[PDB]
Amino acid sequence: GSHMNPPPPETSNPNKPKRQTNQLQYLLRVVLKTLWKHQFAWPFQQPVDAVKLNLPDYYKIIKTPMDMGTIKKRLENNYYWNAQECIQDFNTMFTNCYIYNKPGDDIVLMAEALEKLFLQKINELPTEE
């Protein structure tokens, strides 16, 4: 894409140790699955294309971008060591939306609906075995 968008977050790095855990399997098969298919998922399914959206200040404000397309690839490609790393990515994605946009805004209402579902699912994250 455009030279004016940053490179997306890392989804592959052989030097980073990786593990499958039951919690990570739940984050893919239950959490990501549930949120990905939601009516309001679409703005979150790929990195923000600030050029196409005409938001030249986006990556001036948001220095820790994250999106569910990146999280999906991280889960599918077993990038994580533990569930906390993945939960942090989700939280970063929501917080970026809340920081950049105004409380009224459609995108915020959408993020808040996804976050409510996320919280319900994470309260049932299974005990690590």
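A residue's number is simply how far along the shown sequence it sits, counting from 1. If you superpose the two forms and keep the largest set of C-alpha atoms that fall within 1.5 Å, you have the rigid core.
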Which of 11 to 19 and 115 to 123 strays further in 7 other deposited structures of this protein - Cα RMS after rigid core alignment: 11 to 19
Of 90 to 98 and 30 to 38, the one with larger mean CA B-factor: 30 to 38
Modelled-residue ranking by C-alpha temperature factor, third containing residue 85: lowest
Chain-relative CA temperature factor third for residue 67: lowest
Lowest, middle or highest third - CA B-factor, residue 43: lowest
